[PDB]
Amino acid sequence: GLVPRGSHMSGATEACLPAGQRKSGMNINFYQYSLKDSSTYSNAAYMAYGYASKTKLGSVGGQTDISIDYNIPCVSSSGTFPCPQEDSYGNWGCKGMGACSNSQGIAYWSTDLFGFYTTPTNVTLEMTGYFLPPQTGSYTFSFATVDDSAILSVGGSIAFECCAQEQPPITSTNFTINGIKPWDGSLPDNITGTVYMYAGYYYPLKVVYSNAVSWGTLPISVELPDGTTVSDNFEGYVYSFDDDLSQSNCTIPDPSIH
């Protein structure tokens, strides 16, 4: 065969070749989410697009460092310091700080999430951008843990539409990683999803993340085809492009034959 046959029954993930000015990093949009609401974020429709029906709080662009690790304050005898969740104890104190005088169950304001001043105790955020694979092959994305609820989607018409990064969210619930908080209360660590990607094509990437109370955590990694792992800092891998809905050739439905 002069040419490759193509992935079977058009199984290839859709990718993009945006012709505009590339910008390092992902865009982060922040949306309202109610303190102690442990039900809203348990719905697939909400995590895919419904989040954007709530008040938009703000945004920051150009973010390459994308893992979430938010610790609430312990108001202690020696001042106010963030408590690592594993160091919290009793009712309650923080190891090396003694007893904390403040409630675990109120809203707290902080710039910890990408420098945006908001309430990381209770918020939903949407990260959008394009993932640029340097190598052709299988990529395994993972969340080490999820506190409270999250999804990761990769691909044109799954994350968002090519050359349309800034548009309202699409409705696809075909998540690459489903880390939605179960109604039943369950859910395990190191949750994963794999995508076969072709080098030099730009793959739409969406992460939606929500927290209702206190600590928030979402450590994001990808394992490359060469078996190495990139964690937290995706510099060199993730990019944004301004919308160009007029770029006719932007969508590549099958990179395996393009």
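Residue numbers here begin at 1 and follow the sequence given. Between two forms, the rigid core is defined as the largest C-alpha subset superposing within 1.5 Å.
J.: Which segment is farther from the shown form on average in 8 other deposited structures of this protein after a rigid core fit, 89 to 97 or 184 to 192, going by CA atoms?
T.: More C-alpha displacement in 8 other deposited structures of this protein shows up in 184 to 192.
J.: Going by the B-factors listed in the PDB entry, is the mean over the C-alpha atoms higher for 118 to 126 or for 155 to 163?
T.: The deposited B-factors put 155 to 163 ahead on the C-alpha mean.
J.: Select between 45 to 53 and 213 to 221 the stretch whose C-alpha atoms have the higher average B-factor in the entry.
T.: Comparing 45 to 53 with 213 to 221, the higher average CA B-factor belongs to 45 to 53.
J.: Check the PDB entry and point out which of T229, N27, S67, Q32 has the largest C-alpha temperature factor.
T.: In this record, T229 carries the highest C-alpha B-factor of the candidates.
J.: So if I compare the CA B-factors in the entry for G179, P168, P73, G96, which one is the largest?
T.: Of the options given, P168 has the highest CA B-factor in the PDB entry.
J.: For the chain shown, is the CA B-factor of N102 in the lowest, middle or highest third of its modelled residues?
T.: Lowest third, going by the recorded CA B-factors of the chain.
J.: Against its chain's modelled residues, does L205's Cα B factor rank lowest, middle or highest third?
T.: It falls in the bottom third of the chain.
J.: Among all modelled residues of this chain, ranked by Cα B factor, put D184 in the bottom, middle or top third, i.e. lowest, middle or highest.
T.: Top third by C-alpha B-factor.
J.: Considering every modelled residue of the chain and its Cα B-factor in the PDB entry, is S110 in the lowest, middle or highest third?
T.: Its C-alpha B-factor, which the entry lists for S110, ranks in the lowest third among residues of this chain.
J.: Test of reading the entry: by CA B factor among the chain's modelled residues, which third contains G79?
T.: Answer is highest: the recorded C-alpha B-factor places it there.
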